[PDB]
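File shown here: structure-v1.pdb, holding PDB, C-alpha atoms.
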```pdb
ATOM      1  CA  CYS A 214      20.218  20.944   8.541
ATOM      2  CA  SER A 215      22.721  22.352  11.003
ATOM      3  CA  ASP A 216      24.989  25.084   9.683
ATOM      4  CA  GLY A 217      27.907  23.741   7.652
ATOM      5  CA  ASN A 218      26.874  20.114   8.096
ATOM      6  CA  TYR A 219      23.782  19.382   6.011
ATOM      7  CA  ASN A 220      22.943  15.683   5.826
ATOM      8  CA  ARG A 221      23.151  14.946   2.102
ATOM      9  CA  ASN A 222      21.543  11.533   2.541
ATOM     10  CA  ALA A 223      18.670  12.333   4.920
ATOM     11  CA  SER A 224      15.845  11.919   2.404
ATOM     12  CA  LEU A 225      17.565   9.009   0.671
ATOM     13  CA  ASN A 226      17.934   7.252   4.019
ATOM     14  CA  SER A 227      14.256   7.759   4.821
ATOM     15  CA  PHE A 228      13.344   6.336   1.407
ATOM     16  CA  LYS A 229      15.571   3.307   2.061
ATOM     17  CA  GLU A 230      13.526   2.572   5.192
ATOM     18  CA  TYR A 231      10.428   1.935   3.046
ATOM     19  CA  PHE A 232      12.234   0.320   0.068
ATOM     20  CA  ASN A 233      15.407  -1.637  -0.543
ATOM     21  CA  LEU A 234      17.058  -0.334  -3.695
ATOM     22  CA  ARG A 235      18.030  -3.177  -6.012
ATOM     23  CA  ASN A 236      19.945  -3.378  -9.292
ATOM     24  CA  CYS A 237      20.349   0.355  -9.703
ATOM     25  CA  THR A 238      21.656   1.232 -13.155
ATOM     26  CA  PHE A 239      22.609   4.763 -12.123
ATOM     27  CA  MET A 240      22.494   7.214  -9.254
ATOM     28  CA  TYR A 241      23.342  10.803 -10.232
ATOM     29  CA  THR A 242      23.534  13.874  -8.018
ATOM     30  CA  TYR A 243      23.087  17.511  -9.028
ATOM     31  CA  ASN A 244      24.192  20.224  -6.632
ATOM     32  CA  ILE A 245      21.822  23.102  -5.894
ATOM     33  CA  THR A 246      22.738  26.481  -4.453
ATOM     34  CA  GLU A 247      20.511  27.403  -1.486
ATOM     35  CA  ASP A 248      18.091  30.297  -2.094
ATOM     36  CA  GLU A 249      14.374  31.177  -1.987
ATOM     37  CA  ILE A 250      14.085  32.024  -5.690
ATOM     38  CA  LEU A 251      11.142  30.797  -7.796
ATOM     39  CA  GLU A 252      12.117  28.103 -10.259
ATOM     40  CA  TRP A 253      10.772  25.802 -12.951
ATOM     41  CA  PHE A 254      11.511  22.113 -13.457
ATOM     42  CA  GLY A 255      10.524  19.975 -16.441
ATOM     43  CA  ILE A 256      10.672  16.352 -17.571
ATOM     44  CA  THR A 257      10.120  14.701 -20.947
ATOM     45  CA  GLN A 258      11.162  11.441 -22.592
ATOM     46  CA  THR A 259      12.364  10.401 -26.014
ATOM     47  CA  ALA A 260      14.027   7.294 -27.402
ATOM     48  CA  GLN A 261      17.261   8.870 -26.117
ATOM     49  CA  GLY A 262      16.045   8.639 -22.533
ATOM     50  CA  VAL A 263      14.466  10.845 -19.870
ATOM     51  CA  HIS A 264      15.282  14.551 -20.150
ATOM     52  CA  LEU A 265      15.405  16.825 -17.100
ATOM     53  CA  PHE A 266      14.951  20.605 -17.434
ATOM     54  CA  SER A 267      15.521  23.467 -15.022
ATOM     55  CA  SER A 268      15.565  27.243 -14.997
ATOM     56  CA  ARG A 269      18.323  27.203 -12.343
ATOM     57  CA  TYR A 270      21.533  27.028 -14.315
ATOM     58  CA  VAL A 271      20.759  29.078 -17.425
ATOM     59  CA  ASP A 272      17.885  31.438 -16.422
ATOM     60  CA  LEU A 273      17.756  31.510 -12.618
ATOM     61  CA  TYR A 274      16.105  34.926 -12.495
ATOM     62  CA  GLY A 275      13.767  34.576 -15.484
ATOM     63  CA  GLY A 276      12.378  31.038 -15.435
ATOM     64  CA  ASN A 277      13.099  29.658 -18.930
ATOM     65  CA  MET A 278      13.866  25.922 -18.702
ATOM     66  CA  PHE A 279      16.919  24.295 -20.234
ATOM     67  CA  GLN A 280      18.063  20.723 -20.398
ATOM     68  CA  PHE A 281      20.544  19.657 -17.689
ATOM     69  CA  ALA A 282      20.420  15.852 -17.958
ATOM     70  CA  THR A 283      19.505  12.918 -20.122
ATOM     71  CA  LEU A 284      18.958   9.799 -18.040
ATOM     72  CA  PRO A 285      19.537   6.372 -19.596
ATOM     73  CA  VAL A 286      15.967   5.276 -19.084
ATOM     74  CA  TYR A 287      14.734   3.662 -22.274
ATOM     75  CA  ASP A 288      11.731   1.790 -20.945
ATOM     76  CA  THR A 289       8.861   4.136 -21.660
ATOM     77  CA  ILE A 290       7.633   6.020 -18.623
ATOM     78  CA  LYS A 291       3.833   5.708 -18.454
ATOM     79  CA  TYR A 292       3.145   6.600 -14.841
ATOM     80  CA  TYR A 293       4.256   8.926 -12.099
ATOM     81  CA  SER A 294       3.401   9.893  -8.569
ATOM     82  CA  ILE A 295       4.447  12.670  -6.193
ATOM     83  CA  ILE A 296       6.410  11.280  -3.263
ATOM     84  CA  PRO A 297       5.126  12.872  -0.086
ATOM     85  CA  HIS A 298       7.759  14.440   2.139
ATOM     86  CA  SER A 299       7.178  15.321   5.778
ATOM     87  CA  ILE A 300       9.529  17.501   7.807
ATOM     88  CA  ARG A 301      10.360  16.023  11.218
ATOM     89  CA  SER A 302      10.543  19.335  13.028
ATOM     90  CA  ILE A 303       9.684  19.874  16.663
ATOM     91  CA  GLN A 304       6.709  22.114  17.395
ATOM     92  CA  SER A 305       8.743  25.306  17.938
ATOM     93  CA  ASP A 306      10.676  24.774  14.685
ATOM     94  CA  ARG A 307       7.665  24.420  12.387
ATOM     95  CA  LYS A 308       7.814  26.200   9.061
ATOM     96  CA  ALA A 309       5.450  26.571   6.099
ATOM     97  CA  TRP A 310       6.701  25.003   2.858
ATOM     98  CA  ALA A 311       5.794  26.432  -0.558
TER      99      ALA A 311
ATOM    100  CA  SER B 508     -13.241  -6.564 -21.616
ATOM    101  CA  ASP B 509     -15.120  -8.159 -24.454
ATOM    102  CA  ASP B 510     -16.795  -4.978 -25.682
ATOM    103  CA  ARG B 511     -16.891  -4.822 -29.497
ATOM    104  CA  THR B 512     -13.186  -4.752 -30.505
ATOM    105  CA  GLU B 513      -9.618  -6.061 -30.102
ATOM    106  CA  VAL B 514      -6.337  -4.345 -31.058
ATOM    107  CA  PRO B 515      -2.675  -5.095 -31.766
ATOM    108  CA  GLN B 516      -0.148  -2.777 -30.103
ATOM    109  CA  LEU B 517       2.573  -1.107 -32.161
ATOM    110  CA  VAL B 518       5.518   0.408 -30.305
ATOM    111  CA  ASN B 519       6.600   3.976 -31.010
ATOM    112  CA  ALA B 520      10.195   4.305 -32.193
ATOM    113  CA  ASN B 521      12.667   4.275 -29.296
ATOM    114  CA  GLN B 522      10.565   2.089 -26.964
ATOM    115  CA  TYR B 523      10.313  -1.533 -25.804
ATOM    116  CA  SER B 524       7.276  -3.736 -26.393
ATOM    117  CA  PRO B 525       4.561  -3.629 -23.703
ATOM    118  CA  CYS B 526       5.008  -7.409 -23.658
ATOM    119  CA  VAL B 527       8.647  -7.406 -22.439
ATOM    120  CA  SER B 528       7.212  -7.653 -18.917
ATOM    121  CA  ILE B 529       5.847 -11.137 -19.637
ATOM    122  CA  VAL B 530       8.220 -12.509 -22.313
ATOM    123  CA  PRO B 531      11.419 -14.073 -20.815
ATOM    124  CA  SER B 532      14.804 -12.668 -21.865
ATOM    125  CA  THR B 533      15.186 -15.807 -23.963
ATOM    126  CA  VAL B 534      12.194 -17.829 -25.200
ATOM    127  CA  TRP B 535      12.347 -21.374 -23.832
ATOM    128  CA  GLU B 536      10.608 -23.047 -26.768
ATOM    129  CA  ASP B 537       9.357 -21.940 -30.207
ATOM    130  CA  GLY B 538       5.702 -20.970 -29.977
ATOM    131  CA  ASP B 539       5.439 -20.502 -26.205
ATOM    132  CA  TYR B 540       2.724 -18.067 -25.144
ATOM    133  CA  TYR B 541       2.422 -15.687 -22.212
ATOM    134  CA  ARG B 542      -0.544 -14.099 -20.470
ATOM    135  CA  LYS B 543      -1.206 -11.660 -17.637
ATOM    136  CA  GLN B 544      -4.590 -10.486 -16.405
ATOM    137  CA  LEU B 545      -4.925  -6.690 -16.243
ATOM    138  CA  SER B 546      -6.064  -4.619 -13.260
ATOM    139  CA  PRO B 547      -9.262  -2.552 -13.789
ATOM    140  CA  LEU B 548      -6.987   0.505 -13.666
ATOM    141  CA  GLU B 549      -4.719  -0.915 -16.401
ATOM    142  CA  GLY B 550      -7.878  -1.303 -18.502
ATOM    143  CA  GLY B 551      -9.052  -4.761 -17.512
ATOM    144  CA  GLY B 552      -9.013  -7.733 -19.854
ATOM    145  CA  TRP B 553      -5.678  -9.434 -20.528
ATOM    146  CA  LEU B 554      -2.187  -8.931 -21.916
ATOM    147  CA  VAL B 555      -1.031 -11.728 -24.225
ATOM    148  CA  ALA B 556       2.179 -12.608 -26.094
TER     149      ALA B 556
ATOM    150  CA  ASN C 410     -28.485 -10.141 -30.118
ATOM    151  CA  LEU C 411     -27.562 -13.027 -27.830
ATOM    152  CA  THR C 412     -28.067 -11.182 -24.535
ATOM    153  CA  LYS C 413     -31.557 -10.791 -26.008
ATOM    154  CA  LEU C 414     -31.975 -14.573 -26.228
ATOM    155  CA  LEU C 415     -30.494 -15.148 -22.766
ATOM    156  CA  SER C 416     -32.935 -12.614 -21.295
ATOM    157  CA  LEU C 417     -35.885 -14.848 -22.192
ATOM    158  CA  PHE C 418     -34.542 -17.761 -20.147
ATOM    159  CA  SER C 419     -33.334 -17.969 -16.567
ATOM    160  CA  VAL C 420     -29.642 -18.821 -16.867
ATOM    161  CA  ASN C 421     -28.034 -21.091 -14.272
ATOM    162  CA  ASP C 422     -24.547 -21.699 -15.660
ATOM    163  CA  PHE C 423     -22.276 -20.155 -18.318
ATOM    164  CA  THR C 424     -18.819 -21.603 -18.950
ATOM    165  CA  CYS C 425     -16.719 -21.307 -22.103
ATOM    166  CA  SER C 426     -13.519 -22.904 -23.398
ATOM    167  CA  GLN C 427     -10.838 -20.783 -25.111
ATOM    168  CA  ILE C 428     -13.232 -17.830 -24.778
ATOM    169  CA  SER C 429     -15.234 -16.032 -22.070
ATOM    170  CA  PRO C 430     -18.972 -15.287 -21.821
ATOM    171  CA  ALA C 431     -18.144 -11.576 -21.936
ATOM    172  CA  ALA C 432     -16.013 -12.091 -25.051
ATOM    173  CA  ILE C 433     -18.484 -14.358 -26.873
ATOM    174  CA  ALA C 434     -21.160 -11.661 -26.848
ATOM    175  CA  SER C 435     -18.806  -8.989 -28.209
ATOM    176  CA  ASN C 436     -16.682 -10.535 -31.006
ATOM    177  CA  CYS C 437     -17.549 -11.076 -34.672
ATOM    178  CA  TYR C 438     -17.223 -14.522 -36.286
ATOM    179  CA  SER C 439     -17.324 -16.187 -39.712
ATOM    180  CA  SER C 440     -19.547 -18.948 -38.361
ATOM    181  CA  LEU C 441     -21.728 -19.465 -35.278
ATOM    182  CA  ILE C 442     -23.272 -22.827 -34.400
ATOM    183  CA  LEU C 443     -26.024 -23.095 -31.768
ATOM    184  CA  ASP C 444     -26.887 -26.545 -30.416
ATOM    185  CA  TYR C 445     -29.898 -26.834 -28.089
ATOM    186  CA  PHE C 446     -31.615 -29.714 -26.251
ATOM    187  CA  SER C 447     -33.520 -30.603 -23.063
ATOM    188  CA  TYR C 448     -31.149 -31.200 -20.145
ATOM    189  CA  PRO C 449     -31.571 -31.335 -16.329
ATOM    190  CA  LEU C 450     -29.585 -29.028 -14.018
ATOM    191  CA  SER C 451     -28.999 -32.068 -11.798
ATOM    192  CA  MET C 452     -26.591 -33.355 -14.444
ATOM    193  CA  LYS C 453     -24.377 -30.260 -14.681
ATOM    194  CA  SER C 454     -21.243 -32.157 -13.633
ATOM    195  CA  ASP C 455     -21.656 -34.341 -16.748
ATOM    196  CA  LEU C 456     -22.016 -31.486 -19.218
ATOM    197  CA  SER C 457     -18.391 -30.371 -19.163
ATOM    198  CA  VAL C 458     -15.633 -29.886 -21.757
TER     199      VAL C 458
ATOM    200  CA  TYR D 606      32.951  25.935 -41.289
ATOM    201  CA  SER D 607      31.761  22.472 -40.307
ATOM    202  CA  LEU D 608      30.291  22.400 -36.803
ATOM    203  CA  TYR D 609      29.349  19.106 -35.198
ATOM    204  CA  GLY D 610      25.731  20.253 -35.153
ATOM    205  CA  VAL D 611      25.482  21.335 -38.793
ATOM    206  CA  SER D 612      27.260  21.932 -42.093
ATOM    207  CA  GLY D 613      27.393  25.324 -43.727
ATOM    208  CA  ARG D 614      29.452  28.085 -45.322
ATOM    209  CA  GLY D 615      29.875  31.338 -43.462
ATOM    210  CA  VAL D 616      31.958  34.371 -42.628
ATOM    211  CA  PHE D 617      32.489  34.413 -38.890
ATOM    212  CA  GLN D 618      32.935  37.740 -37.143
ATOM    213  CA  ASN D 619      33.349  38.642 -33.481
ATOM    214  CA  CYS D 620      29.858  40.086 -33.040
ATOM    215  CA  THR D 621      27.696  40.908 -29.978
ATOM    216  CA  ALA D 622      25.850  39.586 -27.942
ATOM    217  CA  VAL D 623      22.509  37.876 -28.520
ATOM    218  CA  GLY D 624      21.859  34.254 -27.682
ATOM    219  CA  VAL D 625      21.205  31.561 -25.132
ATOM    220  CA  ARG D 626      24.896  30.866 -24.345
ATOM    221  CA  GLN D 627      24.227  27.498 -22.676
ATOM    222  CA  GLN D 628      23.413  25.493 -25.770
ATOM    223  CA  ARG D 629      25.400  26.698 -28.662
ATOM    224  CA  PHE D 630      23.719  27.996 -31.781
ATOM    225  CA  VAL D 631      21.384  30.836 -32.604
ATOM    226  CA  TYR D 632      18.854  30.781 -35.409
ATOM    227  CA  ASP D 633      16.762  33.562 -36.909
ATOM    228  CA  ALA D 634      13.201  32.316 -37.430
ATOM    229  CA  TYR D 635      14.189  29.823 -40.149
ATOM    230  CA  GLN D 636      16.465  26.829 -40.571
ATOM    231  CA  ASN D 637      19.509  29.086 -40.880
ATOM    232  CA  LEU D 638      21.875  29.972 -38.052
ATOM    233  CA  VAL D 639      22.940  33.615 -37.703
ATOM    234  CA  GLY D 640      25.166  32.170 -36.190
ATOM    235  CA  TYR D 641      27.744  32.294 -33.429
ATOM    236  CA  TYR D 642      28.834  29.302 -31.337
ATOM    237  CA  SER D 643      30.944  27.395 -31.578
ATOM    238  CA  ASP D 644      34.130  28.833 -30.310
ATOM    239  CA  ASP D 645      35.505  28.852 -26.811
ATOM    240  CA  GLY D 646      34.189  31.100 -25.712
ATOM    241  CA  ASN D 647      33.278  33.934 -28.061
ATOM    242  CA  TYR D 648      30.671  35.209 -30.473
ATOM    243  CA  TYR D 649      31.571  34.206 -34.029
ATOM    244  CA  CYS D 650      28.359  35.240 -35.738
ATOM    245  CA  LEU D 651      28.032  33.764 -39.166
ATOM    246  CA  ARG D 652      26.612  34.976 -42.446
ATOM    247  CA  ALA D 653      25.554  33.570 -45.769
ATOM    248  CA  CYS D 654      27.933  32.924 -48.639
TER     249      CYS D 654
ATOM    250  CA  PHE E 116       5.181  17.908 -17.261
ATOM    251  CA  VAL E 117       6.590  21.154 -15.883
ATOM    252  CA  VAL E 118       6.636  22.273 -12.273
ATOM    253  CA  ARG E 119       6.365  25.684 -10.624
ATOM    254  CA  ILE E 120       8.551  25.545  -7.506
ATOM    255  CA  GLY E 121       8.738  27.914  -4.571
ATOM    256  CA  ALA E 122       6.338  30.575  -5.872
ATOM    257  CA  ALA E 123       4.976  31.560  -2.452
ATOM    258  CA  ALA E 124       8.394  31.693  -0.761
ATOM    259  CA  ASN E 125       8.799  34.682   1.625
ATOM    260  CA  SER E 126       5.058  35.225   2.025
ATOM    261  CA  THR E 127       3.192  34.277   5.195
ATOM    262  CA  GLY E 128       1.233  31.036   5.290
ATOM    263  CA  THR E 129      -0.095  28.284   7.488
ATOM    264  CA  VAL E 130       1.998  25.402   8.895
ATOM    265  CA  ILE E 131      -0.606  22.941   7.500
ATOM    266  CA  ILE E 132      -0.561  20.460  10.379
ATOM    267  CA  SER E 133      -1.459  23.345  12.682
ATOM    268  CA  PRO E 134      -3.722  25.604  10.580
ATOM    269  CA  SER E 135      -3.987  28.304  13.264
ATOM    270  CA  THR E 136      -0.204  28.752  13.190
ATOM    271  CA  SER E 137       1.348  30.938  10.509
ATOM    272  CA  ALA E 138       4.959  31.147   9.408
ATOM    273  CA  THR E 139       7.161  32.531   6.669
ATOM    274  CA  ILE E 140       6.955  30.262   3.646
ATOM    275  CA  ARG E 141      10.165  28.603   2.449
ATOM    276  CA  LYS E 142      10.763  26.937  -0.907
ATOM    277  CA  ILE E 143      10.736  23.150  -0.876
ATOM    278  CA  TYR E 144      11.674  20.809  -3.715
ATOM    279  CA  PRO E 145       9.287  18.191  -5.136
ATOM    280  CA  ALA E 146      10.028  14.458  -5.376
ATOM    281  CA  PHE E 147       8.726  12.089  -8.055
ATOM    282  CA  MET E 148       8.410   8.376  -8.675
ATOM    283  CA  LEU E 149       8.143   7.400 -12.373
ATOM    284  CA  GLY E 150       7.931   4.115 -14.184
ATOM    285  CA  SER E 151       6.446   1.740 -16.706
ATOM    286  CA  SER E 152       4.281  -0.539 -14.612
ATOM    287  CA  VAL E 153       2.195   0.043 -11.484
ATOM    288  CA  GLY E 154      -0.156  -1.790  -9.156
ATOM    289  CA  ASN E 155      -1.002  -2.374  -5.537
ATOM    290  CA  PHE E 156       1.002  -3.178  -2.440
ATOM    291  CA  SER E 157       0.359  -6.404  -0.547
ATOM    292  CA  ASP E 158      -2.345  -4.848   1.684
ATOM    293  CA  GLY E 159      -4.131  -3.626  -1.449
ATOM    294  CA  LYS E 160      -3.181   0.062  -1.392
ATOM    295  CA  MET E 161      -2.312   1.698  -4.709
ATOM    296  CA  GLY E 162       0.964   3.339  -5.640
ATOM    297  CA  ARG E 163       3.378   0.450  -6.104
ATOM    298  CA  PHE E 164       5.834   0.765  -8.983
TER     299      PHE E 164
END
```
I need this file expressed as structure tokens, please.
Amino acid sequence: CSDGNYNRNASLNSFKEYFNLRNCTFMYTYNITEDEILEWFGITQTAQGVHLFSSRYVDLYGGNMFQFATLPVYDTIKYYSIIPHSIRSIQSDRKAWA
Amino acid sequence: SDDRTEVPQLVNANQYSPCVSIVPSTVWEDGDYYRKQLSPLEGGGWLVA
Amino acid sequence: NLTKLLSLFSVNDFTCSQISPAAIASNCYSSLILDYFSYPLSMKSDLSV
Amino acid sequence: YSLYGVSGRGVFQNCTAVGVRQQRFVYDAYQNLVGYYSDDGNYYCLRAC
Amino acid sequence: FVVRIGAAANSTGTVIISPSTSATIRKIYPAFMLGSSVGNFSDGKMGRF
């Protein structure tokens, strides 16, 4: 996270240490402007695929969520988990994360 | 788990069968049958096709 | 009530074919046949499907 | 008009300024659309016949 | 589901791994794993998709 040279694959690389990714049907990226503003994210599914929602693009300052992607995932999602992230800071660089 | 009842699963529109995990992409021979024991978390009992 | 009947006796072995002991208590049927006789536990290996 | 989203018959006017502006209709509490979007990019609010 | 992200950003809070240490809270983004079929890893722990 050094100025002007953020590692855009840091988390992906860490994930690839625990799992090999095989037969990926898609990998999409969505750019995010850096700020400390409250936001809302949502996810639903229909026969059309998995729908992602965010307040960021259409209502950054108010929080209403709008659709920004439909993912071609047509096998019904039944389960989810939260992937734990840990920040490999040194002691003097420790922050609190919301 | 034997309980008192058994049910047949009907897919909602825009979804694959829960049995696509155990039925090959092409059936080898007419009338073949597939089974898979379920984890206690999945509900226990079996899945059958 | 079959678990009733099997609570009178001390039960030493329970195996089923094309069904389970759990399942055979639960389900409903159009016909149930019960065959009973004297038979020694020593000869369990000979009472098999 | 005949928008991709819906049919209809309306009198478009360059009105102001109420909507969502990211997806491209605006309704008024019923099935009807009152009515701008779609033009690129302005407010052509529609009316009934 | 919907997710409230970054609500405490800018306030003062603990560093978690060192509870006696406080710091300014920064927004962090969540990560999710979603799928159709789950079970256990080879050593028996849950969470395998």
Practice item. Write out as a VMD selection string each polymer residue whose atoms come within 12 Å of residue 238 (chain A), counting only C-alpha atoms; drop sequence neighbours fewer than 4 positions from it. Key: chain A and resid 234 284 to 287
Just the residues within 12 Å of residue 516 (chain B), please, counting only C-alpha atoms, with nothing from its chain fewer than 5 positions along; format it as a short mmCIF file (atom, residue, chain, number, x, y, z; two decimals) with C-alpha atoms, in the frame of the given file.
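Output saved as part-v8.cif:
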```cif
data_model
loop_
_atom_site.label_atom_id
_atom_site.label_comp_id
_atom_site.auth_asym_id
_atom_site.auth_seq_id
_atom_site.Cartn_x
_atom_site.Cartn_y
_atom_site.Cartn_z
CA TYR B 523 10.31 -1.53 -25.80
CA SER B 524 7.28 -3.74 -26.39
CA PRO B 525 4.56 -3.63 -23.70
CA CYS B 526 5.01 -7.41 -23.66
CA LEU B 554 -2.19 -8.93 -21.92
CA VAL B 555 -1.03 -11.73 -24.22
CA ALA B 556 2.18 -12.61 -26.09
#
```
Practice item. Can you pull out every residue within 8 Å of region 147-160 of chain E, counting only C-alpha atoms, but drop anything in the same chain fewer than 6 positions away, and send it as number ranges by chain? Key: A: 288-296; B: 546
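This file gives the following result for the ChimeraX specification (/C :<8) & /B: residues 508, 509, 510, 511 and 512 of chain B.
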Exercise for review: Can you work out the spacing between CA of residue 643 (chain D) and CA of residue 609 (chain D) in Å, to one decimal?
Suggested key: 9.2 Å
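Going from CA of residue 218 (chain A) over to CA of residue 133 (chain E), you cover 28.9 Å.
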Practice item. Determine the residue membership of the PyMOL selection byres ((chain A and resi 243-249) around 9) for the file above and supply it as a PyMOL selection string. Key: (chain A and resi 241-242+250-251+269) or (chain E and resi 121-122+124-125+141-143)
**Study point:** Atomic separation - CA of residue 146 (chain E) relative to CA of residue 297 (chain A), Å
**Key:** 7.4 Å
Exercise for review: Taking the file above as input, evaluate the PyMOL selection byres ((chain D and resi 627-636) around 9) and report the hits as a ChimeraX atom specification.
Suggested key: /A:270-271,279-280 /D:610,623-626,637-643,650
Practice item. Restrict the distance test to only C-alpha atoms, flag each residue of chain B within 8 Å of chain A, and return the flagged residues as a PyMOL selection string. Key: chain B and resi 520-523
Exercise for review: Pick out the residues sitting within 12 Å of residue 131 (chain E), and hand them over as an NGL selection string; count all atoms listed in the file, and ignore anything fewer than 3 positions along from it in its own chain.
Suggested key: (:A and (299-300 or 307-311)) or (:E and (128 or 134-138 or 140))
**Study point:** For residue 265 (chain A): contacts at 7 Å, all atoms listed in the file, fewer than 3 positions along chain excluded, given as JSON, numbers by chain
**Key:** {"A": [255, 256, 257, 280, 281, 282, 283]}
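Between chain D and the candidates A:216, A:252, A:230, A:272, the tightest atom-to-atom separation, counting all atoms listed in the file, involves A:272.
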Around all of region 137-143 of chain E's listed atoms, make the axis-aligned box with 5 Å on each side and tell me centre and edge lengths in Å to one decimal, as JSON.
```
{"center_x": 6.1, "center_y": 27.8, "center_z": 4.8, "size_x": 19.4, "size_y": 19.4, "size_z": 21.4}
```
